[PDB]
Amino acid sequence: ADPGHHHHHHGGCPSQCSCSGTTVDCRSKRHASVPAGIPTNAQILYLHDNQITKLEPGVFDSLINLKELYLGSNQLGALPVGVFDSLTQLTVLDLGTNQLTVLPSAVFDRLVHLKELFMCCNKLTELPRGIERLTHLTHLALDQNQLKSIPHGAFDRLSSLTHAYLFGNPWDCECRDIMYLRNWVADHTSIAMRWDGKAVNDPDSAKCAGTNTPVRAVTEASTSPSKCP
């Protein structure tokens, strides 16, 4: 797939990247921004393990054939409105290990066919809503954030989920609103995963803040509405 030259691309291959077929690999090369001149036939784009602190609006608009986008292990503190809107063929998106605190409300809306969404190891304090409408998701990773609860009904349209990673969040099990997540895990133990170089089925991966007991085992009697924020 790498022909040993860069003649297949009108703009050549971006500096400090490698190009192989429709794969553009810019990993681990101290990039502080997305490199210019990424080939528009690109299907897989590796931008992970760099020092990207921000994305310019529109930076990906030309990459209409992109299937997989890896932005993990950068220093993203925010995302621009609409930054993924052109990527309507995208099936894998990795935003893990950044510094994201909030996301634009509609940031995932045009990724109607997304299959795998990885957002571990950020600073998220609430579920990005409308992950709710990503009905083709098989993989959802929210582990090691600061999530306290899941809005009632948030996962109910995700009928293709096979792998959910929720480990390492301070789930607020004293608050009676936890019961949606409690019941959802108990109903979906088969898809409760933790990662150890492979997917491990572990229904106790989601645990309560403080007590570290399994979220799925919470009793409604132990909860209270007045312990909610």
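Don't overthink the numbering: it's just position in the shown sequence, from 1.
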Per the entry, where is the mean C-alpha temperature factor higher: 35-43 or 164-172?
35-43
Going by the B-factors listed in the PDB entry, is the mean over the C-alpha atoms higher for 174-182 or for 49-57?
49-57
Between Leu71, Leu158, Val102, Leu140, let me know which has the highest C-alpha B-factor in the entry?
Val102
Using only the C-alpha B-factors in the record, can you name which of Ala78, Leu117, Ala106, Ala154 has the highest?
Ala78
Within this chain, which third does the Cα B-factor at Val215 fall in: lowest, middle or highest?
lowest
For the chain shown, is the CA B-factor of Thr189 in the lowest, middle or highest third of its modelled residues?
lowest
Would the CA B-factor of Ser62 place it in the lowest, middle or highest third of its chain?
highest
Is the Cα B-factor recorded for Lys198 in the lowest, middle or highest third of its chain?
lowest
Binned into thirds over the chain's modelled residues, the C-alpha B-factor of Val112 lands in the highest
